[PDB]
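Please read the structure below before turning to the comments.
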Amino acid sequence: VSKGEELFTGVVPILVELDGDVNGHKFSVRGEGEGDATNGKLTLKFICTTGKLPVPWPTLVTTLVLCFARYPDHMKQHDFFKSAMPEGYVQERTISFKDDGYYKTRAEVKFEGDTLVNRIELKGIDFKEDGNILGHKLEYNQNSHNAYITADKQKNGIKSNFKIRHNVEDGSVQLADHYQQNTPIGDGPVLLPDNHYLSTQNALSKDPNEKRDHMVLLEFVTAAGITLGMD
């Protein structure tokens with residue numbers, strides 16, 4: 001049986017590297033910070049190292065480490081993400097923006113030395129050049145939301161579909177339909193959860209002494225859904 005949860009008892013350094021290409025607009029992002037799974041807390045600062053980010057920062061939040069969610073003790077059995085550590089899992093998404101293009105993402109989330117690394121490739125396709133995304137018409141925030149997890153038995157992993165309602169500056173909402181799949185890298189044992197959900201809150205800010213295009217992010221992720229019974 002897996003022990004991987006024992007790697008997340010303290011505060012763990014995080015590194016995030018993303019290479020992106022949306023409608024031929026290429027960019028890279030690097031982020032560094034730390035994760036504290038006992039509180040379900042992530043704090044990171046992201047830099048667009050290629051200059052100007054050509055999509056809004058909120059559209060990348062879900063893409064830029066669910067092994068740091070807080071699973072309550074009566075749910076430790078359903079924590080797929082930590083069970084696959086330190087060898088990691090692959091996280092793959094298709095994010096379809098309604099009436100606009102779609103991202104396709106593939107990430108490896110795994111330990112490299114003492115650091116939890118999230119290394120991502122993103123390709124974006126069929127976007128409108130003066131849409132809400134390439135046009136930079138989204139507000140700089142991310143609503144709190146719940147996303148349901150279900151086990152993916154045939155692939156030895158988990159899967160999840162969920163909506164993100166980005167806020168447009170005119171007051172409308174730009175919907176981002178997420179289809180997600182995770183599968184382990186190593187061949188060790190992994191926990192296949194019962195149906196539950198993750199509850200997420202996000203606070204986006206700016207660093208006063210940072211001249212480059214960037215995002216300061218505080219995020220909390222907490223697992224819920226499994227009924228407390230007779231125990």
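Chain lettering (A, B, ...) mirrors the order of the structure tokens, residue numbering begins at 1 for each chain separately, and ligand numbering begins at 1 in order of display.
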Long-range neighbours of residue A:20 as a PyMOL selection string, 6 Å cut-off, only C-alpha atoms, 5 positions minimum in chain: chain A and resi 26-28+122-123
Would you give me, as a tab-separated table, each residue of stretch 95-149 of chain A having an atom within 12 Å of an atom of stretch 66-90 of chain A, along with its shortest atom pair and that distance in Å to one decimal, using only C-alpha atoms and sorting by chain and residue number?
```
residue	atom	partner	partner_atom	distance
A:105	CA	A:90	CA	10.3
A:106	CA	A:90	CA	7.1
A:107	CA	A:90	CA	5.7
A:108	CA	A:90	CA	4.7
A:109	CA	A:88	CA	5.3
A:110	CA	A:88	CA	4.1
A:111	CA	A:86	CA	5.3
A:112	CA	A:86	CA	8.4
A:113	CA	A:86	CA	9.4
A:114	CA	A:86	CA	9.7
A:115	CA	A:86	CA	10.1
A:116	CA	A:86	CA	8.6
A:117	CA	A:88	CA	9.4
A:118	CA	A:90	CA	9.7
A:119	CA	A:90	CA	9.8
A:120	CA	A:90	CA	9.8
A:121	CA	A:90	CA	11.5
A:147	CA	A:66	CA	11.8
A:149	CA	A:78	CA	9.9
```
Limited to N, CA and C atoms, could you put the picked residues into a file as a short mmCIF file (atom, residue, chain, number, x, y, z; two decimals), in the first residue's frame?
```cif
data_model
loop_
_atom_site.label_atom_id
_atom_site.label_comp_id
_atom_site.auth_asym_id
_atom_site.auth_seq_id
_atom_site.Cartn_x
_atom_site.Cartn_y
_atom_site.Cartn_z
N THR A 105 -3.74 20.34 -22.66
CA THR A 105 -2.65 20.41 -21.70
C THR A 105 -2.19 19.02 -21.29
N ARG A 106 -0.88 18.86 -21.15
CA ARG A 106 -0.32 17.65 -20.58
C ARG A 106 0.76 18.05 -19.60
N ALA A 107 0.63 17.59 -18.35
CA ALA A 107 1.56 17.91 -17.30
C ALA A 107 2.04 16.63 -16.63
N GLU A 108 3.26 16.68 -16.12
CA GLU A 108 3.76 15.67 -15.19
C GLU A 108 3.97 16.34 -13.84
N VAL A 109 3.34 15.77 -12.82
CA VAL A 109 3.44 16.26 -11.45
C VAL A 109 4.20 15.20 -10.67
N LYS A 110 5.41 15.53 -10.22
CA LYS A 110 6.25 14.54 -9.58
C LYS A 110 7.35 15.24 -8.81
N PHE A 111 7.95 14.49 -7.88
CA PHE A 111 9.05 15.00 -7.08
C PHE A 111 10.35 14.92 -7.87
N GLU A 112 11.12 16.00 -7.84
CA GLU A 112 12.47 16.05 -8.39
C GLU A 112 13.35 16.50 -7.24
N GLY A 113 14.02 15.54 -6.61
CA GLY A 113 14.70 15.86 -5.37
C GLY A 113 13.66 16.13 -4.30
N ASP A 114 13.85 17.22 -3.56
CA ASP A 114 12.92 17.61 -2.51
C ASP A 114 11.76 18.48 -3.00
N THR A 115 11.75 18.86 -4.28
CA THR A 115 10.79 19.82 -4.82
C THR A 115 9.68 19.10 -5.59
N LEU A 116 8.43 19.48 -5.32
CA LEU A 116 7.31 19.06 -6.15
C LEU A 116 7.29 19.89 -7.44
N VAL A 117 7.41 19.23 -8.59
CA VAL A 117 7.51 19.92 -9.88
C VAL A 117 6.26 19.66 -10.71
N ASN A 118 5.72 20.73 -11.30
CA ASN A 118 4.61 20.65 -12.24
C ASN A 118 5.11 21.16 -13.59
N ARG A 119 5.33 20.26 -14.54
CA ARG A 119 5.91 20.63 -15.83
C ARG A 119 4.87 20.40 -16.92
N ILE A 120 4.49 21.48 -17.62
CA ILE A 120 3.28 21.51 -18.44
C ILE A 120 3.62 21.88 -19.88
N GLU A 121 2.95 21.23 -20.83
CA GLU A 121 2.89 21.68 -22.21
C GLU A 121 1.44 22.03 -22.54
N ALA A 147 -15.51 20.84 -7.81
CA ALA A 147 -15.28 19.96 -8.95
C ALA A 147 -15.33 18.52 -8.48
N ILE A 149 -14.90 14.48 -8.46
CA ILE A 149 -13.94 13.46 -8.86
C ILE A 149 -14.68 12.13 -8.97
#
```
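Closest approach to residue A:101 among A:7, A:23, A:31, A:189 is made by A:23 (distances from only C-alpha atoms).
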Nearest to residue A:201, restricted to only C-alpha atoms and choosing among A:153, A:145, A:3, A:30, comes out as A:145
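Between residue A:139 and the residues A:127, A:219, A:212, A:56, the shortest atom-to-atom distance, using only C-alpha atoms, involves A:56.
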I'd like the neighbourhood of residue A:142 as JSON, numbers by chain, where a residue qualifies if any of its atoms comes within 7 Å (using only C-alpha atoms), though same-chain residues fewer than 3 positions away should be ignored. {"A": [58, 166, 202]}
Can you pull out every residue from stretch 36-202 of chain A that DSSP, working from the backbone, puts in strand (DSSP E), and format the result as a PyMOL selection string? chain A and resi 36+41-48+89-97+102-112+115-125+145-152+157-167+173-184+196-202
